[PDB]
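>>> output the structure for:
(chains A, B, C, D, E and F)
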Amino acid sequence: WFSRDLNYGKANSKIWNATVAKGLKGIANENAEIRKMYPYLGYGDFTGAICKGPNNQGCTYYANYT
Amino acid sequence: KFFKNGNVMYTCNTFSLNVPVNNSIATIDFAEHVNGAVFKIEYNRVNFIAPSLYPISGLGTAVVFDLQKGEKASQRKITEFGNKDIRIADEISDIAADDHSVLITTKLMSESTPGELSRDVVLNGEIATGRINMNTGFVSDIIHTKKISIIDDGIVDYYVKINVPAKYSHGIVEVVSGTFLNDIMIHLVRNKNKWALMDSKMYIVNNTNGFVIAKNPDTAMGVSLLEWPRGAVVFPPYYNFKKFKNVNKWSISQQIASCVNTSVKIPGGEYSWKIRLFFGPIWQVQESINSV
Amino acid sequence: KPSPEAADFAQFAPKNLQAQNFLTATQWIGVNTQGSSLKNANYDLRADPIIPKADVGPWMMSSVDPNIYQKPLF
Amino acid sequence: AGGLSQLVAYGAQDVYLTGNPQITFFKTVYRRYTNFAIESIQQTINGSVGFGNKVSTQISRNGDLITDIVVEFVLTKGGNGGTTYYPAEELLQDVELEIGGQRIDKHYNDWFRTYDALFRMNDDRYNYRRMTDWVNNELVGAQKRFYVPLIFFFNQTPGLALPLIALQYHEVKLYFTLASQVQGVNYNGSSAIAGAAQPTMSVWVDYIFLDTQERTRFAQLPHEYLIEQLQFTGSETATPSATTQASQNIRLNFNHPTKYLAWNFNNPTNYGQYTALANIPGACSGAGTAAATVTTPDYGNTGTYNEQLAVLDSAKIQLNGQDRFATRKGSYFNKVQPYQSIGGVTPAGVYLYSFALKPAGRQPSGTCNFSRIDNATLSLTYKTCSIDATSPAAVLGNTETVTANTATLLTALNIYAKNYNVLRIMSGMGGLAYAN
Amino acid sequence: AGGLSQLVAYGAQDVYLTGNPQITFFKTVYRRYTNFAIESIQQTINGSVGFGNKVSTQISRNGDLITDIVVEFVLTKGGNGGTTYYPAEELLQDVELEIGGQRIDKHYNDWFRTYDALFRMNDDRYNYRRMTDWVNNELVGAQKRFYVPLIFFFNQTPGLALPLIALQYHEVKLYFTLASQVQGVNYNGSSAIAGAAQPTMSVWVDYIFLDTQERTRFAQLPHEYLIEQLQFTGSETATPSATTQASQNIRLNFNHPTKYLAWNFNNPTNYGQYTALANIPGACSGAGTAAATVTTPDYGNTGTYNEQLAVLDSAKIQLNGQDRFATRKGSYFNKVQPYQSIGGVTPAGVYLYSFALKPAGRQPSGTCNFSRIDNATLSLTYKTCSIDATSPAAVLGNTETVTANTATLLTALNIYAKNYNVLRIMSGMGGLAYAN
Amino acid sequence: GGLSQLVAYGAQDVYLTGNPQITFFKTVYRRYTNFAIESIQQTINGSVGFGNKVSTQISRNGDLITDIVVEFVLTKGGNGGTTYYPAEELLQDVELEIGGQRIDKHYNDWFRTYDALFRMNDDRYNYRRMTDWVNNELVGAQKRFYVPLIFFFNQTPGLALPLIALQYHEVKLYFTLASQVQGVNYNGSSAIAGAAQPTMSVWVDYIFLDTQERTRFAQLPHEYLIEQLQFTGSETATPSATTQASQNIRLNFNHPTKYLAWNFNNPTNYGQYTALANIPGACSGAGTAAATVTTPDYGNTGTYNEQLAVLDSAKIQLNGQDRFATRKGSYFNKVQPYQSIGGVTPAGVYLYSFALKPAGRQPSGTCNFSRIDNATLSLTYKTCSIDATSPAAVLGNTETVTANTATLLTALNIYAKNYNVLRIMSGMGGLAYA
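Residues are numbered from 1 along each chain as shown, chains lettered A, B, ... in the order given. Shown next is the protein structure:
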């Protein structure tokens, strides 16, 4: 059969799965990168900050991660 | 329905100085992304196929070993006195062989390095056997982990986890089914004496003395243990047995406790096992091992 | 000629650049939407068996493509 | 004595409630949630705002996700007390929603009235009336600021918020057609009110800001939003004046898994009128005294609960020539279906039939998928419009099969369906997964 | 500026709120469901429908599961405005639920009124009266179709629907006893209304059709349902005439995990009067003018909120001779308990004491298991009934522990207990898992 | 029949009926720890009366404490319509102390404000019944009133106070009773001769648990996520002519806050948040020649006609930057509570939420005022140019003006509702942050 709904469906699925994989790798690389960039915990005045140094030295709340 | 519904039970477990510390020296952690519902892992002609009938099935190097019975962990919970294999919290729904009756929580991987976080399934379901009844749901509170790290050199480090509270029993780290075509069955003893060929029985139980085991028609697979939990705070003579079961069906297991003890607990936390798997011709396999 | 758009270089604003996605985006939205259509099909409940629409006649062929979503029921 | 006399008296009938306890009601656990902040930002309206004009707005990417949108009006009332009936809602005539240039939903003033009539309950629809109408016997000249919340799939719960951060190549736009006639503001019936002022309008949008770990997750990963959309085409009624109860077979043009159908019979010249007018208090202008006229409503009391003034005797839904259920009388769809499926009170003249257990909820609970139904027909039976509307002795004294002679003015037939679809967002663009 | 100024205002006090998130509010995931369809089908009624008649219906297995059930009545009123008070459920006198020849539950007219007066609480109750009464000033001769829903354990939620295909070796019946006297339809007080028409009745059952695999599972596997039951026997009040506050020690004979105890003080000569009548607005027929008579209620305004007309002064419930709690005034049970346990407006003369934290819910939340309590007593203290009901200065101008002389007409006491039980279904037959 | 709907299966259903997870017609309930609830009377320390301050100590009759209901017996000095929430007017405030530390404190105006925002139609009418006369009762009538406390641990059992785990710290409530209660002992500001003193009692709801959890509760530490109310008062400038006042009010708050709510009131008349006017329900005698716009028709004081309110617009500003662009006053009275609660807020009471659903207890967004320099609430007032006695102007004027009697609403009450943590360990309790 011609099956328009399956030829477009299968093609869309290939792109969807290839693309979700790319997006998942992307956020994985950014979470990996920031753990390395800012590998420390904050202090009493930067209580949830990522902080670039072993002491405060470079804190922000615009790049928070778990 | 009682057969298709998942559940969990809450208990209060507050015990103090009667809890020998079984030191969970090995753990598993991940830094990779999630995936959809299949894994296709390969490198250096080493393939692992997870067909999503259950999270791992086939493997080999242009060969296969079996259609079922892929690597799995399985916890045999506390028994009345080791009478029947009833309370088997098995990672794989091997009995169905098709309907993946296991809840999967995370499908993590990167190329060459899959992970896995899954729940168990009780192999017997809601029936009764012999004279002993069993659990109510089909899935218990125990969870499992796998991490398979393929190293470029043909070494594939395989880690598993079992997480079960207040346990007392027999935990299966890996069940593997090699092909029937494995006439050579050898192990290296920790005394570095020699490789021993043990083909007279087909009922070989290797204890600590067995350092690494290998089997092959001519192309070989090796299994080298890396780590397993033990009571490492006091090092008492606790019922902790690490051994193989080497019969046509191959199983790597560890016992945590006797069926009945005086009065002991266990933390019941996360426990992992580290096994080094590697492949190639018998020559390359033995050559790598003998580096030790 | 496309030199005028940005300059990704050694440094970035704090990982706020998410402007890598446009050509993939065009390809999927084109194929995406699925056209289910039931212009001529069973008026009954039971999944009356499907005879594959092979082109066996030289002339008046149907373009109906029968429904593959009907459960047996009875 | 006290509580321990109840706990000691423990038994077999307690085991299935209290054995191996799973929860305790007196020490709960709250979930830790993603860091976000919310604000309302006013959007720029494109076009000349006025009566009968059509304008549009485009939502600026001032944030990461969008949820509630409120359209604001400032009106000056042209009549006096009771001359208006949801004038902000009548004015907000047609709201069209598109993602990336593809229209995915379209709401009408009559739909807003139907939705409120069916789904809001207690002091919330009262509060709604406060936001859309004059509810304090205000006099001519009163200036009032009105709020009409929009009710799209992303307006009712944050869980369906629009991921604009993931739509950097496609725009989100709302098109607004404003009514040319608003009762009590511009016209009294068909008579224009001299000096009536043009409206002032603005649209306020609730912007969600996420922290960095999550907003990048939203920006990079694709999404599948399972969303609601409205299906509607208008038609006309077949209401008999006498000697007969008319039947009418109306072809339905719906085609996606549908949560429920709803419909009404309205007089297009009187926004929100779904029942006949009668010389009964609240049922027409001047009702109860010699000045009563049953051709003009006492507008602010247009909504009633007296189904005697309705035109629907019975209705049935038939699918592919086979009945979906046995014919029910009109009072079933006005009173029982909303009792069973929503839990509120539906005023007379507004009817629904559900396919879902909880059509008021967001999670699917049963659908009728018209994508594989070849003939969907709504069959109506009308009441005979033989009661002299000016004689309460007859109107309040008759039976279910007969209605007011003024009922024949309900000439427009509006049948709605609310359905599911999937809105996919990926790599900065989006669109619907299914169309028909 | 904007939300960003709040988004990064992070401190130590946030670590337990937004630190380590688990739940995201702007990305909901919906769970997929086993397919079904809902259909309403008429049952055959065996016997003659009429005033005072008893009929039964067997529920035909037109489907897989049973959810709601609605009884239709067609009534013509013999009185005018305000002469009726929920007549559709006055007529629905008793409904007995029998599964496999085993009585499972039985509801009475008065209970339907107490449930509506106690658990049903919003627009739902107004819509309910719309289904059961004349709410628009209708006049003598008006005829309406009424809907009286049943509120059995499987009626209020789909989750407890009857697994008929798991019950193939016996049927389910409903026994309907219809009242001989219905206020405003065939009697006005005790006086017959000449020419009153007989009621017409039909019973609609809502059937669920399941998919192919789900029917197999339901028919083949055993099932347990957690269900509710109503326990009821009647008694007389001990209301005093003058100089004294009567005591009454009422022995209770209940026997299962009980969610709550509720009761009311009823005038047996007319359905729903739970308070004393008085010459204050709406508290008796003709109230406020010369014709006011305090022996006959203003039927449509029978329910009131004036505690002064509520005969109960205080009450205490004992278990095995020990107080379960210290004596409370009647107002505790009428307002405070339902505020905490239900959240609605309980009218005067209706009282609740709960064991459950939220008895309105389906999830068990605390019970009194009377199966292990050999005796319990409801101790009532009455108000002194010395206030002349015909003098509004005395009715509206007095103390809390004294009520109207007309309170002495509240001679019937109805004490209800609602409990849990378990319905077991095995190999095609079902029944209660616990006796008594 | 309905089977005709099941055959209508298609592609769109792979998202609905495929690989199903939920069976809707077989529900699963959870088994729960066996418990029983009873309420026990507490003893009030001190003389109960008008203007008196008394306190109580919660006896350890149980394992956990949930709700607490204060009851009063009042004798009214006026006729129907002369009272307006008199039980709450008398309950001037309640202070919550656990182990020597202040955990919360609520005020009579907070009770009215909370009602005005967070209670719905049926429970509000009920609430009104518990605290006021609603059937036109006349002079000399008596009624027993019930005022449930709003404290965090009161309306959700999940935060019940664990006395079983607080064997060393006492829990106490301090009650301040108003000296002037309109319609009971004062008629406006004039004393009512013969007015009786109130009688009061406090009932506390005790939870008893089964043995197995009582042990767990006694032995393990606990961290309860609890709510607090923050409040200070201010005064306003409400002009009659030539200008619209604009005040920049410092919001002196310091915890993760779910929402800010505020009102404008005339301190003489409890709960009056709008101007008086010669229109129905807007003043005593309204509609006839005896109408006066200095005294309300008290029982109808609460209205929904925002024309009688003084707020033209409001804006929250954090560290000199707007939190949102200026919104008109009716936004905070009708739209924010629509979005955030889903009920009706009467005229004169305003809410702005930070939380998505502050009516619940599951955290859903907070503003942490502990990590800012300065927050203010800018209030733009209407010009009070309308003659309150002329309905033609009161019911028919423009948005930016209100009635001249509006100038009496000189008290500004701004409330904040925040989260905190109540820690329990070794029989001792207390706040983690303060």
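
>>> for chain E, tell me whether stretch B:116-129 is touching it.
No. Judged by CB under 8 Å from any CB of the partner chain, stretch B:116-129 makes no contact with chain E; its nearest approach is 9.7 Å. The way it works is simple: take the backbone N, C-alpha and C, and place the C-beta from them, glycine included.

>>> wait, I meant stretch B:5-18
No. Figure legend: stretch B:5-18 not in contact with chain E (CB under 8 Å from any CB); closest approach 10.5 Å.

>>> could you give me the buried positions within that stretch?
Buried residues in stretch B:5-18, counted by 16 or more other CB atoms under 10 Å in any protein chain shown: none are found.

>>> from the chain's centroid, how far away is it?
Counting by CA atoms, centre = their mean, to the nearest Å, stretch B:5-18 is centred 24 Å from the centre of its parent chain.

>>> and it, does that touch chain D?
Yes. Residues of stretch B:5-18 contacting chain D under CB under 8 Å from any CB: B:8, B:9, B:10, B:11.

>>> and that stretch, end to end?
From its first residue to its last, stretch B:5-18 covers 36 Å (CA to CA, to the nearest Å).

>>> close to chain F, is it?
Yes. Shown here: stretch B:5-18 in contact with chain F (CB under 8 Å from any CB) through B:5, B:7, B:12, B:14.

>>> one more: stretch C:50-61?
No. Applying CB under 8 Å from any CB, one finds stretch C:50-61 separated from chain F by no less than 14.6 Å.

>>> what does that stretch contact?
The set of residues external to stretch C:50-61 that reach it, using CB atoms under 8 Å, 6 or more residues apart in numbering or on different chains, is A:1, C:62, C:64, C:65, C:66, C:68.

>>> before we move on, the earlier item: which one among the residues of stretch B:5-18 next to chain D gets closest to residue F:129?
residue B:10 (40.5 Å; CB to CB).

>>> checking the closest one next. Helix, strand or coil?
Put simply, residue B:10 is coil when judged by DSSP: H, G, I helix; E, B strand; the rest coil.

>>> with adjacent residues omitted, what lies nearest to it?
Nearest residue to residue B:10 in three dimensions, chain neighbours excluded: residue D:22, at 5.1 Å (CB to CB, 6 or more residues apart in numbering or on different chains).

>>> and the gap between that neighbour and chain A?
Distance, residue D:22 to chain A, by CB to the nearest CB, to the nearest Å: 29 Å.

>>> I figured that residue hits residue F:31, correct?
Yes. Between residue D:22 and residue F:31 a contact is recorded at 4.9 Å, counting by CB atoms under 8 Å.

>>> return the residues of chain C in contact with chain D.
Contacts of chain C with chain D, taken as CB under 8 Å from any CB, map to C:14-15, C:18-19, C:21-22, C:24-26, C:28-29, C:32-39, C:41, C:43, C:45, C:67, C:69-70.

>>> oh, that last question was meant for chain B, not what I typed.
Proximity of chain B to chain D is confined to B:8, B:9, B:10, B:11 under the rule CB under 8 Å from any CB.

>>> between those, which is closest to residue B:31?
Using CB to CB, those come closest to residue B:31 at residue B:8, 28.3 Å.

>>> ok, that closest one - contacts?
Contacts were defined as CB under 8 Å, 6+ apart; by that measure residue B:8 touches B:141, D:22.

>>> now do the helices in the chain.
You didn't say which chain, so I picked chain A. Remark: helices assigned in chain A by DSSP state H are A:4-37.

>>> actually it's chain D I care about, not the one you picked
Going by DSSP H, chain D shows helices at D:3-7, D:15-18, D:87-91, D:109-119, D:123-132, D:212-220, D:330-331, D:337-341, D:392-395.

>>> which one of residue D:22 and residue F:31 is surrounded by more residues?
A side-by-side neighbour count of residue D:22 and residue F:31, using other CB atoms under 10 Å in any protein chain shown, places residue F:31 first with 18 against 15.

>>> got the contact list for the more buried one?
Shown in contact with residue F:31 (CB under 8 Å, 6+ apart): D:16, D:17, D:18, D:19, D:20, D:21, D:22, D:23.

>>> leaving out sequence neighbours, find the closest residue to residue C:45.
residue F:7 (4.9 Å).

>>> who's in contact with the one you found?
Neighbour list for residue F:7: C:45, C:47, C:70, C:71, C:73, D:372 [criterion: CB under 8 Å, 6+ apart].

>>> looking at the residues you listed, which is nearest residue B:175?
Nearest to residue B:175 out of the contacts of residue F:7 is residue C:71 (CB to CB; 37.9 Å).

>>> then stretch D:287-299 to PDB, C-alphas only?
Extracted in PDB, the C-alpha atoms of stretch D:287-299 (Å, rounded to 0.1, in the frame of the first residue of the first chain):
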ATOM      1  CA  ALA D 287     -40.900  41.000  34.100                       C
ATOM      2  CA  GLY D 288     -43.600  40.900  36.700                       C
ATOM      3  CA  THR D 289     -45.200  44.300  36.000                       C
ATOM      4  CA  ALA D 290     -47.200  45.900  33.200                       C
ATOM      5  CA  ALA D 291     -44.100  47.000  31.300                       C
ATOM      6  CA  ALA D 292     -42.900  43.400  30.800                       C
ATOM      7  CA  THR D 293     -41.900  42.700  27.300                       C
ATOM      8  CA  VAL D 294     -40.800  39.100  26.300                       C
ATOM      9  CA  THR D 295     -38.800  40.100  23.200                       C
ATOM     10  CA  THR D 296     -36.000  41.700  25.200                       C
ATOM     11  CA  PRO D 297     -34.200  40.100  28.200                       C
ATOM     12  CA  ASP D 298     -33.400  41.600  31.500                       C
ATOM     13  CA  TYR D 299     -29.900  41.100  30.300                       C
END
